[PDB]
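S.K.: Here it is: the structure, laid out below.
Throughout, read-outs are computed from the coordinates displayed, never taken from laboratory work. Positions of Cβ are backbone-derived with ideal geometry, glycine not excepted, and every protein chain shown enters the neighbour counts.
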Amino acid sequence: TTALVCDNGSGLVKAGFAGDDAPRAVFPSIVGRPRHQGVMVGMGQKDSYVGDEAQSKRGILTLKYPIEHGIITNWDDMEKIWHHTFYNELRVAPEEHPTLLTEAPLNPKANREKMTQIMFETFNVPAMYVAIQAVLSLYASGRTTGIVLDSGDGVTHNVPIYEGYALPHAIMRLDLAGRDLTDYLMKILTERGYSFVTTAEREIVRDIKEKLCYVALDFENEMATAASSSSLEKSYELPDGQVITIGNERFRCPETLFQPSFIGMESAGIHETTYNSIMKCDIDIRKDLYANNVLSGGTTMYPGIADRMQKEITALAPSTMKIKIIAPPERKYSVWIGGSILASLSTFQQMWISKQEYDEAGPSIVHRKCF
Amino acid sequence: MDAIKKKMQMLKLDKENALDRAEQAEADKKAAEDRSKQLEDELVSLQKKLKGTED
Amino acid sequence: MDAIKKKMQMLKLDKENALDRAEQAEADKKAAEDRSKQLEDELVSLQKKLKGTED
Amino acid sequence: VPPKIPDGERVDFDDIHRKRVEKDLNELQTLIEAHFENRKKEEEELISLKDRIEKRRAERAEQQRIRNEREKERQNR
Ligand SMILES: Nc1ncnc2c1ncn2[C@@H]1O[C@H](COP(=O)(O)OP(=O)(O)O)[C@@H](O)[C@H]1O
Ligand SMILES: [Mg+2]
C-alpha cells in the first residue's frame with residue numbers, strides 16, 4: 001500500500017500520500033473553543049473547530065496553537081488535530097497506512113516517545129517512522145551534501161550534512177522563527193496607532209507580514225530612505241475596511257532574523273549561526289558546504305532574503321570561497337516533498353518501526369536502531 | 001497573473017544556470033592558463049640549466 | 001503591456017551573455033590545455049638531452 | 001549507538017529531471033491553454049450579455065416612461 005507522509009510542523013500541517021509533488025491538504029494547526037454564550041438553539045454548534053474551519057469562524061473563537069516551539073505542549077489538542085487530518089482532510093483510515101512524521105532536531109525525548117505511543121495506540125497505524133526535518137529538505141533539493149537552514153514557523157535549525165554523513169556536533173538550533181516575527185510586527189504596528197490584541201487578530205497581523213514585509217538588502221540605507229521619501233508606504237485593507245499604511249515597518253519586522261537583539265534575544269542572526277555551524281565542521285568539507293548552502297522552510301520566503309544572506313556570508317567567509325545559496329521556488333513544501341521522496345524509496349522500506357517491534361520494546365524503541 | 005510568474009521563474013532559472021556556468025568556465029580558464037605559464041617557466045629554467053651544463 | 005517585454009528581453013539577454021562568455025572561456029581553456037600538453041612533451045625531451053649532456 | 005543505514009544501490013539527483021522537466025513544459029502549456037479557454041469563455045460572452053441586458057434595460061425604461069405618462073395623464077385631477 002501507500003504511505004502517509006504527514007508533517008506536523010508548527011503553524012501549517014502538511015499531509016499527503018507518498019509519491020506526489022505537493023501535499024494534498026494544507027491547513028493551519030489551530031484548535032479554537034468558542035468563548036461567548038450562544039443563544040440560538042439547534043444551530044448545531046460544536047465544542048471545538050479545528051483546522052481550516054476555525055480560520056473562518058475566528059471572530060468568536062479563541063484559537064490556540066498546540067505546538068509552541070517544535071515541542072508539543074497540549075497533547076489532547078494535537079491528538080484532535082491528527083484525527084482531523086486523517087479522517088476529514090484525507091479520508092483514509094490509519095489502520096492500513098504507514099506514517100512518516102517529522103521532528104525538529106534537538107527536541108525533548110518525551111515528545112517523540114509520546115508521539116509514537118499515540119500513533120501506535122490511538123490511531124493504530126501499521127508502522128511509523130520519525131525523521132529529522134532538515135534531511136528531508138536536503139532530499140528535495142536532489143543534493144547529497146550541503147548545510148540546510150530550515151527556518152520554519154516554530155524553530156529555526158541549521159543541520160550541516162556531507163556526503164550523507166550528518167555532523168551531530170554542528171547542529172545549531174535557534175528558537176527565533178515566524179511566530180516571533182509575527183509578535184514583533186504586532187508590537188511595532190502600535191507605533192502608528194493600530195492595536196491588535198485578540199488571538200484572532202494575530203492572524204490578521206500574520207497576513208500583513210506575509211503580503212507586505214520584505215528583507216532589506218542594506219538596513220541603514222533603507223532606514224534612511226524610508227525616513228525621507230514615501231515610496232515605500234504600502235497600504236492594506238483590513239477584514240472590515242479602514243485601510244492601514246505600513247511605512248518602515250515593512251523591512252523592520254523580518255530584520256529581526258539577522259539581529260535577534262530586536263526582540264531581546266542574545267544570539268546572533270541567521271546570517272552568523274550558519275557561518276558558525278560551518279566553522280565547527282572539519283577543515284576539508286568547508287568549501288562544499290559554502291557552495292551548497294540550502295534554504296528551506298516557510299519563513300525563508302521573504303522577498304530579497306537570498307541576496308541579503310549571501311551578502312552577509314560573503315562578508316564573513318574568506319574571500320576565495322564561492323558562496324552560493326540554493327533557494328528553490330517550492331521552498332514552503334520542500335520538507336514534505338523530501339518526505340515523499342524518502343517514503344517512496346525501496347531501500348528505505350525496511351526501516352519502518354513495525355508494530356510487533358513496538359510491542360516488544362515499548363515506546364522507547366524510537367531512540368534505538370530504528371531512529 | 002499566474003502563468004506569467006511561472007514563465008518569469010523559468011527565465012530566471014536559465015539566468016542562474018547560464019551565469020554560474022560562465023563563472024565556472026572563467027575560473028577554469030584562469031587555472032588552466034596559470035598551469036600552462038608555470039610549466040613554460042619551468043621549461044625556461046631547464047633551458048638555462050642546460051646552458052650552464054653546456055658551458 | 002510594458003513591463004513584461006522589457007524584463008523578459010533583459011533576462012534573455014543575460015542568459016545569452018553568460019552562455020557566450022562561457023563558450024569563449026572554454027575555448028581558451030581547451031587551447032591553453034593543448035599548449036600545456038605541448039610544453040610537457042617538449043620539456044621531457046629537453047630533460048633527456050640534458051641528461052645525455054651531463055653524462 | 002547511532003543508527004546504521006543498510007547499504008543500497010542508487011540513486012539521487014536523477015529524479016530532479018523527471019520531476020522538473022515534466023512541469024517545465026507541460027505546466028506552462030496547460031496554463032496557457034487554461035488562460036486562453038477562460039478568456040474566450042468569459043470576456044466576450046460577458047460583454048455581449050451586458051449589452052443584451054442594457055438593451056432590455058432601455059426597453060424597460062421606455063415601458064416605464066409610457067406607463068408613468070399615461071397614468072399621470074389620466075390621474076391628473
Ligand atoms: N509567502 C510568505 N512570505 C512570508 N512569510 C511566510 C510566507 N508563507 C509563510 N510564511 C511564514 O511561515 C510560516 C509557515 O511556515 P511553515 O514552513 O509552514 O512552518 P512549519 O515548518 O511548521 O511547516 C507562517 O507562519 C508565516 O509566518
Ligand atoms: Mg518545517
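S.K.: Treat segment A:1-97 as a sphere of radius equal to its Kirkwood radius over Cα pairs and apply Stokes-Einstein at 4 °C in a medium of 1.567 mPa s; give the translational diffusion coefficient in µm²/s, rounded to a whole number.
M.R.: Using the Kirkwood radius from Cα pairs, D works out to 89 µm²/s.
S.K.: Mark the label point 7 Å from the Cα of A:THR347 along Cα→Cβ and return the residues of segment D:1-24 whose backbone N is within less than 11 Å of it.
M.R.: The answer is D:5-13.
S.K.: Taking other Cβ within 10 Å of each residue's Cβ, how do A:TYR129, A:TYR165 sort, fewest first?
M.R.: Exposure proxy ranking, most exposed first: A:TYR165, A:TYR129.
S.K.: Counting helices only, and only those DSSP H runs with n ≥ 4, report the 222 nm mean residue ellipticity of chain A as the sum of -39,500 (n - 2.57) divided by its residues, in deg cm²/dmol to the nearest 500.
M.R.: Per the formula, -8500 deg cm²/dmol.
S.K.: Let me ask something else about it. Show the residues, 5+ positions off or on another chain, whose built amide H is closer than 5 Å to the amide H of A:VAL13.
M.R.: For A:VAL13, whose amide H was placed from the backbone, the distant partners under 5 Å are A:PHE27, A:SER29.
S.K.: If you consider only alpha-carbon coordinates, what radius of gyration and Dmax does segment A:128-201 have, in Å?
M.R.: 17.3, 53
S.K.: Suppose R0 equals 60 Å. What FRET efficiency, 1/(1 + (r/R0)^6) with r the Cβ-Cβ distance, do C:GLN47 and A:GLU360 give to the nearest 0.05?
M.R.: Once the sixth-power term is evaluated, E becomes 0.25.
S.K.: Also, I was wondering about something else. Quick one: Cα convex hull volume of segment B:1-51, Å³ per residue?
M.R.: So the per-residue Cα hull volume is 27 Å³.
S.K.: Right, something else. Could you work out which residue, out of A:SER56, A:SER277, A:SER137, moves most in a Gaussian network model of chain A, that is, has the largest mean-square fluctuation with Cα springs under 10 Å?
M.R.: Largest GNM mean-square fluctuation: A:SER56.
S.K.: Going by Cα centres, segment A:217-261 and segment D:1-64 are how many Å apart?
M.R.: Taking the Cα centre of each part, segment A:217-261 and segment D:1-64 sit 33 Å apart.
S.K.: Turning to a different aspect of this structure: If each residue's Cβ is checked for other Cβ atoms within 10 Å, how do A:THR198, A:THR102 rank with the fewest at the top?
M.R.: Least crowded to most crowded, the residues run A:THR198, A:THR102.
S.K.: Given chain D reduced to its alpha-carbon atoms as identical point scatterers, what log10 I(q)/I(0) does the Debye formula return at q = 0.18, 0.23, 0.27 Å⁻¹?
M.R.: Taken in order of the listed q values, log10 I(q)/I(0) reads -0.91, -1.04, -1.13.
S.K.: Per DSSP H run of n ≥ 4, the term is -39500 (n - 2.57); total these for chain C, divide by its residue number, and report the mean residue ellipticity at 222 nm rounded to 500 deg cm²/dmol.
M.R.: -35500 deg cm²/dmol, from helical runs alone.
S.K.: With contacts defined as alpha carbon pairs under 8 Å and 6 or more residues apart, what's the relative contact order of segment A:2-97 in percent?
M.R.: Across segment A:2-97, relative contact order equals 25 percent.
S.K.: Through the Karplus equation 6.51 cos²θ - 1.76 cosθ + 1.60, θ set to phi - 60°, convert the phi angles of segment A:348-356 into ³J(HN,Hα) values in whole Hz; use x for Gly and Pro.
M.R.: Working through the residues one at a time gives 7, 5, 9, 8, 5, 8, 5, 5, 4 Hz.
S.K.: Okay, moving on. Restricting to Cα pairs below 8 Å that are 6+ residues apart, what does the relative contact order work out to for segment A:125-171? Please round to a whole percent.
M.R.: Relative contact order comes out at 27 percent.
S.K.: Arrange the peptides D:38-49, D:19-30 so that the one whose residues have, on average, the most other Cβ atoms within 10 Å appears first.
M.R.: Put in order of decreasing packing, that is D:19-30, D:38-49.
S.K.: Now for a different question. Defining a contact as two alpha carbons under 8 Å apart and six or more residues distant in sequence, what relative contact order in percent does chain A show?
M.R.: Relative CO of chain A lands at 20 percent.
S.K.: Using the scaling law 2.2 N^0.38 Å as the reference, what is the normalised Cα Rg of segment A:277-351?
M.R.: Cα Rg divided by the expected 2.2 N^0.38 Å: 1.36.
S.K.: Would you please name the trypsin sites (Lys or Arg not before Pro) within segment A:106-211 that are DSSP coil residues with at most 15 other C-beta atoms within 10 Å of their C-beta?
M.R.: Here the sparse-neighbourhood loop sites are A:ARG192.
S.K.: Using all alpha carbons of segment A:161-316, what is the percent of pairwise distances in each 5 Å bin, ordered from the shortest bin to the longest?
M.R.: Going from the shortest bin to the longest, the percentages are 1, 8, 17, 19, 18, 13, 10, 6, 5, 3, 1, 0.
S.K.: Could you list, in their original order, any pairs among A:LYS211/A:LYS287; A:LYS14/B:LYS15; B:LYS5/C:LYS6 whose Cα atoms are separated by more than 24 Å?
M.R.: As for pairs spanning more than 24 Å Cα to Cα, those are A:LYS211/A:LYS287; A:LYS14/B:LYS15.
S.K.: Determine ³J(HN,Hα), in whole Hz, for all residues of segment A:84-99 in sequence, where each value follows from phi through the Karplus function 6.51 cos²θ - 1.76 cosθ + 1.60 and θ = phi - 60°; x replaces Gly and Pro.
M.R.: 4, 4, 5, 8, 10, 8, 10, 6, 10, 5, x, 5, 10, 7, x, 10
S.K.: Measure off 7 Å from each Cα along the Cα-to-Cβ vector at C:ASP2 and B:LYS6, then give the distance between these two points in nanometres to one decimal.
M.R.: Roughly 2.9 nm, to one decimal.
S.K.: For A:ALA104, what is the net charge nearby, where nearby means another residue's Cβ is under 9 Å from its Cβ and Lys, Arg count +1, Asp, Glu -1?
M.R.: -1
S.K.: 7 Å from Cα along Cα→Cβ at both C:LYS30 and A:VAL41: what's the point-to-point distance in nm?
M.R.: Here the answer is 9.0 nm between the modelled labels.
S.K.: Which residues among segment A:150-189 fall inside the zone where the amide N is under 13 Å from a point 7 Å beyond the Cα of D:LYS4, along Cα→Cβ?
M.R.: Inside the label zone: nothing.
S.K.: Dividing the Cα radius of gyration by the Kirkwood radius, what Rg/Rh value follows for segment A:63-146?
M.R.: Taking Rh as the inverse mean 1/r over Cα pairs, Rg/Rh reads 0.99.
S.K.: Using the C-alpha gyration tensor of chain A, what are the square roots of 5 times its eigenvalues, in whole angstrom, with the largest one first?
M.R.: 34, 31, 16
S.K.: What is the calculated FRET efficiency for D:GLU37 to A:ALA227, with r their C-beta to C-beta distance and R₀ = 56 Å, to the nearest 0.05?
M.R.: So, using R0 = 56 Å, E works out to roughly 0.70.
S.K.: Sticking with this structure for a sec: Compute the long axis of helix B:3-54 from its Cα atoms, compare it with the longest principal axis of the Cα atoms of chain B, and write down the angle in degrees, 0 to 90, nearest 10.
M.R.: Taking Cα atoms only, the helix is inclined about 0 degrees.
S.K.: Now, a different point. In nm, give the distance between the simple-model label positions of D:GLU62 and D:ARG20, each being 7 Å from the Cα along the Cα-to-Cβ direction.
M.R.: Each label point lies 7 Å from its Cα, and together they span 6.6 nm.
S.K.: Can you work out ³J(HN,Hα) from phi for every residue in segment A:120-126, in order, using Karplus 6.51 cos²θ - 1.76 cosθ + 1.60 and θ = phi - 60°, giving whole Hz and x for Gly and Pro?
M.R.: 8, 9, 6, 7, 6, 6, x
S.K.: Which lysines, on any chain, are close to C:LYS48 with Cα under 21 Å apart, when same-chain ones fewer than 8 places away are left out?
M.R.: Straight-distance partners of C:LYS48: B:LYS48, B:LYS49, B:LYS51, C:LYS37.
S.K.: Then there is this: Say a label goes 7 Å from Cα toward Cβ at B:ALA3 in every copy; what distances in nm does this one have to the rest, shortest first?
M.R.: Listed shortest first, these distances are 2.0 nm.
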